[PDB]
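Given next, in structure tokens, is a single chain: the form deposited in one PDB entry.
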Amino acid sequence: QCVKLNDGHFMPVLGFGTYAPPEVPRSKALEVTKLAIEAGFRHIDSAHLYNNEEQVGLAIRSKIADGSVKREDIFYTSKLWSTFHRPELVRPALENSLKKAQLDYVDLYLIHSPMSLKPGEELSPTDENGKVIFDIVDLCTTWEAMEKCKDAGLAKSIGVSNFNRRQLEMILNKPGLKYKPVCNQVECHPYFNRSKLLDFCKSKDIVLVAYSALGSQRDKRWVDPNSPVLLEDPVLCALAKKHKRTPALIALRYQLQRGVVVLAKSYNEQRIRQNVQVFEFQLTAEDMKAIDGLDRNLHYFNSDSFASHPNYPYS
């Protein structure tokens, strides 16, 4: 139930998504992360951006203290936020995340996004029009700082998120590169299946990790309400009926069968327990072809605040 990363460490192929929007009480992350571990999730995905690392960390530490898991059984991810791309800010950002979570190391630390933002106090600094104040940082220098964090033992593995093929290539061609990214965590689902990026990642031994695999949380801040609702897709519905599973389970299994590590966020006890059933059934070649046919270049995260950035990954 794991994949071997290009640095020798192992990553569980099903991960628990911990982001919930600010209107959800912070205490919920503690409750649901414990439930996720109880259900069998061993890969837990968080970030500085999520304002939940204390709660998620506490959940992990609670399950270690009561004997349910060892630290070595848990794969915990955090991410460097975009206001901290300047190399001198990388290690301090990681140390802050470790202090919040009360952990000695993260299993994985990612550059959250290639879209560098102005260093400062704000998560999303703005001008007048609500467009973000961008920063211009050579992400190869950021990567060097990430490498130093691995060497120091603060992160077992390092990788990237929201990078396109070209951006990934720039890191891979860096003179004196010490560690390749182990993964690229990107938006990935049947409406945006990333086939060409997946092929590229496979060719370089980089794991593609899918987020919004269930169609995203459809947050009004970044997602058009008109966009088709992935879990109401008729083809996924037909496949769910055929296998007597659910559309969510079909969407998750699709990713595993393509060699994509898949995340799944749920703050509902029943759905958390449901999602671990992804290992209990298989899709046929014809099922996979049907799902492949759904691709319509649809990234749910689709806002002016992303699209105007000079390092916006989508074309």
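We number the residues from 1 along the sequence you see. Rigid core: the largest C-alpha set superposing within 1.5 Å between the two forms. Residues that one form lacks are left out of the comparison.
There is also a form deposited in another entry; it is not shown, and the following applies to it.
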Item to check | 2 Å-or-more CA mover between the shown form and the other one, where superposition uses the core and the choices are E169, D104, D127, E88 | outcome: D127
Item to check | Core-aligned C-alpha movement of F306 between the shown form and the other one, 2 Å or more | outcome: yes
Item to check | Inter-Cα distance between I171 and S303 in the other entry, nearer or further [3 Å or more] | outcome: closer
Next on the checklist: Knowing the shift is 3 Å or more, I'd like to know if the C-alpha atoms of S308 and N226 are closer or farther apart in the other entry than in the shown chain.
Outcome noted: farther
Checklist entry - Which stretches of at least three consecutive residues shift by 2 Å or more at every Cα between the shown form and the other one, once the core is superposed? => result 127 to 131, 303 to 310
